[PDB]
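First comes the structure, then the notes that go with it.
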Amino acid sequence: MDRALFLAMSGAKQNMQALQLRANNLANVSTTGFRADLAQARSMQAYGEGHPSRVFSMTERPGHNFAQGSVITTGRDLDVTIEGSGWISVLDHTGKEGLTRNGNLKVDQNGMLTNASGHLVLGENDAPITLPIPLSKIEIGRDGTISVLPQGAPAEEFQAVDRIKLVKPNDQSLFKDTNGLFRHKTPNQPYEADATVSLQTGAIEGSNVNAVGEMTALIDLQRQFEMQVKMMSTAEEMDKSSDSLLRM
Amino acid sequence: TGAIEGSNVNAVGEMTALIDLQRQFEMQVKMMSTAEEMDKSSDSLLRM
Amino acid sequence: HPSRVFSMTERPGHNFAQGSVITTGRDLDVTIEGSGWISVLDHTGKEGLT
Amino acid sequence: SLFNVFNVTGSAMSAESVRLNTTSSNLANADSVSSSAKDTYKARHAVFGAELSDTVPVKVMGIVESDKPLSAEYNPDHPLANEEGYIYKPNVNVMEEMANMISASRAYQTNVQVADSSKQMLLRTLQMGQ
Amino acid sequence: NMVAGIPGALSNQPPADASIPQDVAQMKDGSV
Amino acid sequence: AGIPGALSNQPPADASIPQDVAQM
Amino acid sequence: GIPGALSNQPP
Amino acid sequence: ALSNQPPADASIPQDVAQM
Amino acid sequence: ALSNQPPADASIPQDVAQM
Amino acid sequence: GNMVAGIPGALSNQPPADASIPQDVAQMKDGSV
Amino acid sequence: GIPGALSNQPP
């Protein structure tokens, strides 16, 4: 039949995919250090012989919202949030390094510093931070310097042991990977530490998802979705009527 | 002791699967209607 | 042609998560902590986990 | 030879009926995690073919599954969950199946019109001269 | 030569939507 | 001729004048 | 022969 | 495709192993 | 109208610069 | 008397796991009786 | 006849 049936179907299909991207945003409102995902549609025309009447649209992710997340003051010593722009460099389960903004850190039984996702926290030597096992008081600095008190030591024996690797690259050069870690679009790009990134210890950075912004985008995808499915029915209606040209 | 354990039914989980069952059920019913519509159309081969 | 595939519903399992615990303040009211069962026999006389 | 037309229209109706049954099995298995064969159901699509080289019949040369990834669901307590609690479901898209249902029905009915119209031409030829 | 492919919804899509298997899309040119 | 602002279905090349449209 | 076609016989 | 031997019945089992 | 050679297919690229 | 038999329509075209046809009737599908 | 056949007469 007419190709407008599939031209509208290819549009309704993308609206559902855009709806899925907004659904993931609202599910992650309470998530810690979550960067909102933007949804956009690209107009692609079928170039060739004939009148230029058919143009497809596909939904794609143009970028992410890198605005500062909601800061939650918790009073916990091992809670860190990046003041302004900046990232925390961590290595995932496989070992590939990446940037994260979740500062819900913790100390394991061996002293290795991890975050809430389990990623190991990189240090001054581009290696995971391993603090002494018998600690007494962890006091993270504003610049990322970790000053710990050995167990049984006097309060005046406060010494720095490591400095968290904070990286502030261009946000437009970062893409979210398959596990929520932002990495460089260009492969084999070294993550260079920055001396301007600051860590506000004792607070946790929340999500930056604008709940109303997603809701008002939802009510427009539904209407656009319903208009296209009416086009599918009216293209079906036209073909059924034209079925009476072979009756003879 | 001193307490009773209720059910573990996730009420919202049941409802969100109910709405999926309705849509899948109704789509298959439309396939039944389009199956008989095709048969009625093809019945004109023998008519003469 | 391999084009006709049927689907039938089945009960692959049950949700064995801990239920909602109701405090009644009754001596003869008990609930299992976490995972476990209570052995009972029905009218027939066959052991069953409840 | 209008009898060759009946082969082309007849082959077309067979091809469109195969696609409809494939669409029926996709709608019935849009939510099926298990299967008889231990592999998750993938959306099926019959492959039409043309041996162009007069009358070129359309032939179904086999069913080919869609290569889109299976839609993973976070169901950690499900018995079939993997190490990370994800169960995998068929990649059937509802909107594209409804278009196939509409397209298969309309393409089926228009070939009946051609066969019926071609039938009249042959009967009219029998009346030639006589 | 023989030309073929998946009809309907999957083929009536932009190539970016990789619904069509790679080898089936090859058949849509020519074969012998 | 007719309409003055008709489009062209050929992909942009910036080097060849599109002859798809009635370029008169 | 469509490369990678499904078959119609128990695996 | 006219054959001389009746076609076998299709089978729709729950498990392909017990078939 | 008619022609002696098959018409070319339609291009639907996500980036016209790469065709 | 080599006949084939069974319930026509919806009952038979379900997969055998439904167990809607009586077993006696379902076994007259291979030409028995 | 059919083993499970129903009768058309009162039981």
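For the structure tokens, the naming scheme is as follows: chains receive sequential letters (A, B, ...) according to their order of presentation, residues are indexed from 1 within each chain, and ligands are indexed from 1 in presentation order.
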
Please build the interface table for chain G against chain H with a cut-off of 12 Å, listing for each qualifying residue the nearest atom pair and the distance in Å to one decimal; count only C-alpha atoms, order rows by chain and increasing number, and write it as a tab-separated table.
residue	atom	partner	partner_atom	distance
G:8	CA	H:10	CA	9.7
G:9	CA	H:11	CA	9.6
G:10	CA	H:16	CA	6.4
G:11	CA	H:16	CA	7.6

Once chain I is fitted onto chain H by least squares over all its in-order Cα atoms, send the moved chain as a PDB file with C-alpha atoms, in the first residue's frame.
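The result, written out as out_5.pdb:
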ATOM      1  CA  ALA I   1       4.827 -29.811  -4.292  1.00  0.00           C
ATOM      2  CA  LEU I   2       3.433 -33.368  -4.185  1.00  0.00           C
ATOM      3  CA  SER I   3       4.725 -36.546  -2.557  1.00  0.00           C
ATOM      4  CA  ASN I   4       3.829 -40.232  -2.462  1.00  0.00           C
ATOM      5  CA  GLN I   5       3.594 -40.414   1.349  1.00  0.00           C
ATOM      6  CA  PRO I   6       1.587 -38.343   3.855  1.00  0.00           C
ATOM      7  CA  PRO I   7       3.480 -35.488   5.514  1.00  0.00           C
ATOM      8  CA  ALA I   8       4.199 -35.872   9.209  1.00  0.00           C
ATOM      9  CA  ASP I   9       2.251 -33.907  11.801  1.00  0.00           C
ATOM     10  CA  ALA I  10       3.546 -30.903  13.745  1.00  0.00           C
ATOM     11  CA  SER I  11       5.238 -31.227  17.131  1.00  0.00           C
ATOM     12  CA  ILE I  12       4.449 -28.592  19.753  1.00  0.00           C
ATOM     13  CA  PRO I  13       6.339 -29.784  22.849  1.00  0.00           C
ATOM     14  CA  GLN I  14       6.644 -27.911  26.117  1.00  0.00           C
ATOM     15  CA  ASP I  15      10.215 -29.257  26.345  1.00  0.00           C
ATOM     16  CA  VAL I  16      12.117 -30.110  23.156  1.00  0.00           C
ATOM     17  CA  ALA I  17      14.404 -32.461  25.102  1.00  0.00           C
ATOM     18  CA  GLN I  18      11.426 -34.841  25.471  1.00  0.00           C
ATOM     19  CA  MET I  19      10.212 -35.662  21.959  1.00  0.00           C
TER      20      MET I  19
END

Next on the checklist: Just the number, please: Cα RMSD of chain G on chain K after least-squares superposition over all C-alpha atoms matched in order.
Outcome noted: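 Per the least-squares fit, the RMSD is 0.6 Å.
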
Item to check | 9 Å contact set for region 40-49 of chain D, only C-alpha atoms, chain neighbours under 3 positions out, as a PyMOL selection string | outcome: (chain C and resi 1-3) or (chain D and resi 15+18-19+22-23+25-26+29-30+32-35+37+57-70+88-93) or (chain E and resi 2-7+10+24) or (chain G and resi 2+6)

Item to check | Distance in Å - CA of residue 121 (chain D) versus CA of residue 2 (chain D) | outcome: 7.8 Å

Checklist entry - Which one is closest to residue 6 (chain F): A:52, A:31, A:234, A:43? Count only C-alpha atoms. => result A:52

Next on the checklist: Among region 150-248 of chain A, which ones does DSSP assign to helix (DSSP H, G or I) (computed from the backbone)? Answer as an MDAnalysis selection string.
Outcome noted: chainID A and resid 171:173 211:245

Checklist entry - So how far away is CA of residue 9 (chain A) from CA of residue 49 (chain A), in Å? => result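 Here the two named atoms are 22.5 Å from each other.
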
Next on the checklist: Residues of region 44-108 of chain D classed as strand (DSSP E) by DSSP on the backbone are to be reported as a ChimeraX atom specification.
Outcome noted: /D:44-50,58-65,71-74,86-89

Write the residues of the preceding selection, restricted to C-alpha atoms, as an mmCIF file, in the first residue's frame.
data_model
loop_
_atom_site.group_PDB
_atom_site.id
_atom_site.type_symbol
_atom_site.label_atom_id
_atom_site.label_comp_id
_atom_site.auth_asym_id
_atom_site.auth_seq_id
_atom_site.Cartn_x
_atom_site.Cartn_y
_atom_site.Cartn_z
ATOM 1 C CA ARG D 44 10.737 -13.479 13.302
ATOM 2 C CA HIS D 45 10.425 -12.087 9.779
ATOM 3 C CA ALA D 46 9.838 -14.152 6.648
ATOM 4 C CA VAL D 47 12.153 -13.213 3.768
ATOM 5 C CA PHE D 48 10.454 -12.634 0.420
ATOM 6 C CA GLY D 49 12.356 -13.194 -2.813
ATOM 7 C CA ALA D 50 12.123 -12.506 -6.536
ATOM 8 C CA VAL D 58 7.351 -14.023 -5.091
ATOM 9 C CA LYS D 59 8.794 -16.819 -2.959
ATOM 10 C CA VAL D 60 9.453 -17.122 0.766
ATOM 11 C CA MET D 61 13.062 -18.245 1.182
ATOM 12 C CA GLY D 62 13.036 -18.606 4.965
ATOM 13 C CA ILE D 63 12.357 -16.964 8.322
ATOM 14 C CA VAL D 64 15.064 -14.611 9.612
ATOM 15 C CA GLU D 65 15.080 -13.259 13.163
ATOM 16 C CA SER D 71 15.106 -6.267 26.118
ATOM 17 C CA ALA D 72 16.630 -6.875 29.546
ATOM 18 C CA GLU D 73 14.491 -6.478 32.662
ATOM 19 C CA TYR D 74 15.793 -6.042 36.206
ATOM 20 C CA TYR D 86 18.495 -9.261 34.533
ATOM 21 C CA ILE D 87 16.011 -11.391 32.599
ATOM 22 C CA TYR D 88 15.917 -11.088 28.818
ATOM 23 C CA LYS D 89 12.716 -10.700 26.806
#

Item to check | Shell of 12 Å around residue 188 (chain A), only C-alpha atoms, local chain residues under 6 positions omitted, as a ChimeraX atom specification | outcome: /A:96-98

Checklist entry - Which polymer residues have any atom within 12 Å of an atom of residue 51 (chain A), counting only C-alpha atoms, with same-chain residues fewer than 3 positions away left out, as JSON, numbers by chain? => result {"A": [45, 46, 47, 48, 54, 55], "F": [6, 7, 8, 9, 10, 20, 21, 22], "I": [10]}

Output file for the residues above (C-alpha atoms, as an mmCIF file, in the first residue's frame):
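Below is the file that was written, out15.cif:
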data_model
loop_
_atom_site.group_PDB
_atom_site.id
_atom_site.type_symbol
_atom_site.label_atom_id
_atom_site.label_comp_id
_atom_site.auth_asym_id
_atom_site.auth_seq_id
_atom_site.Cartn_x
_atom_site.Cartn_y
_atom_site.Cartn_z
ATOM 1 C CA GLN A 45 15.323 12.582 4.347
ATOM 2 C CA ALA A 46 15.224 9.706 1.856
ATOM 3 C CA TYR A 47 17.286 11.175 -0.972
ATOM 4 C CA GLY A 48 16.757 9.779 -4.448
ATOM 5 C CA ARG A 54 9.344 11.408 2.662
ATOM 6 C CA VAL A 55 11.512 12.401 5.637
ATOM 7 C CA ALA F 6 10.380 24.014 -4.951
ATOM 8 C CA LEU F 7 12.841 21.703 -3.218
ATOM 9 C CA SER F 8 15.348 19.177 -4.573
ATOM 10 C CA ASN F 9 15.424 15.518 -3.577
ATOM 11 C CA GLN F 10 19.064 15.004 -4.553
ATOM 12 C CA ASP F 20 15.466 17.398 -10.496
ATOM 13 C CA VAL F 21 13.561 20.647 -9.970
ATOM 14 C CA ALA F 22 12.370 22.763 -12.903
ATOM 15 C CA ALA I 10 16.964 5.764 -1.736
#

Quick one: everything within 9 Å of residue 106 (chain D), counting only C-alpha atoms, minus sequence neighbours fewer than 6 positions away in the same chain. Send it as a PDB file with N, CA and C atoms, in the first residue's frame.
ATOM      1  N   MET A   1       0.824  -1.203   0.000  1.00  0.00           N
ATOM      2  CA  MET A   1       0.000   0.000   0.000  1.00  0.00           C
ATOM      3  C   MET A   1       0.861   1.257   0.000  1.00  0.00           C
ATOM      4  N   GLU A 236      -4.585   3.325   5.931  1.00  0.00           N
ATOM      5  CA  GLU A 236      -5.303   2.067   5.761  1.00  0.00           C
ATOM      6  C   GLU A 236      -6.679   2.299   5.149  1.00  0.00           C
ATOM      7  N   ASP A 239      -6.467   2.984   1.299  1.00  0.00           N
ATOM      8  CA  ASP A 239      -6.178   1.816   0.472  1.00  0.00           C
ATOM      9  C   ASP A 239      -7.398   0.914   0.334  1.00  0.00           C
ATOM     10  N   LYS A 240      -8.192   0.780   1.399  1.00  0.00           N
ATOM     11  CA  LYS A 240      -9.392  -0.051   1.321  1.00  0.00           C
ATOM     12  C   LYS A 240     -10.394   0.517   0.325  1.00  0.00           C
ATOM     13  N   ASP A 243      -9.540  -0.159  -3.277  1.00  0.00           N
ATOM     14  CA  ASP A 243      -9.562  -1.571  -3.638  1.00  0.00           C
ATOM     15  C   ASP A 243     -10.628  -1.839  -4.694  1.00  0.00           C
TER      16      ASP A 243
ATOM     17  N   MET B  38      -9.735 -11.290   6.089  1.00  0.00           N
ATOM     18  CA  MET B  38      -9.009 -11.795   4.928  1.00  0.00           C
ATOM     19  C   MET B  38      -9.744 -12.962   4.281  1.00  0.00           C
TER      20      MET B  38
END

Produce a table with one row for each residue of chain B that has an atom at most 6 Å from any atom of chain C, each row naming the nearest atom pair and its distance in Å at one decimal; use only C-alpha atoms; arrange rows by chain and rising residue number; format as a Markdown table.
| residue | atom | partner | partner_atom | distance |
| --- | --- | --- | --- | --- |
| B:1 | CA | C:30 | CA | 4.1 |
| B:2 | CA | C:25 | CA | 4.9 |
| B:3 | CA | C:23 | CA | 4.2 |
| B:4 | CA | C:22 | CA | 4.9 |
| B:5 | CA | C:21 | CA | 4.2 |
| B:6 | CA | C:20 | CA | 4.7 |
| B:7 | CA | C:19 | CA | 5.1 |
| B:8 | CA | C:19 | CA | 4.3 |

Only C-alpha atoms, please: the residues just picked out, written as an mmCIF file, in the first residue's frame.
data_model
loop_
_atom_site.group_PDB
_atom_site.id
_atom_site.type_symbol
_atom_site.label_atom_id
_atom_site.label_comp_id
_atom_site.auth_asym_id
_atom_site.auth_seq_id
_atom_site.Cartn_x
_atom_site.Cartn_y
_atom_site.Cartn_z
ATOM 1 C CA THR B 1 7.189 -14.348 68.516
ATOM 2 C CA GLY B 2 4.473 -11.801 69.161
ATOM 3 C CA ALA B 3 3.961 -11.126 65.450
ATOM 4 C CA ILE B 4 2.249 -12.557 62.372
ATOM 5 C CA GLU B 5 3.665 -12.583 58.839
ATOM 6 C CA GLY B 6 1.401 -11.328 56.060
ATOM 7 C CA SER B 7 1.589 -11.934 52.334
ATOM 8 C CA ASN B 8 4.433 -10.745 50.099
#

Item to check | Atom pair CA of residue 5 (chain J) / CA of residue 29 (chain J): separation (Å) | outcome: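 We find that CA of residue 5 (chain J) and CA of residue 29 (chain J) lie 5.3 Å from each other.
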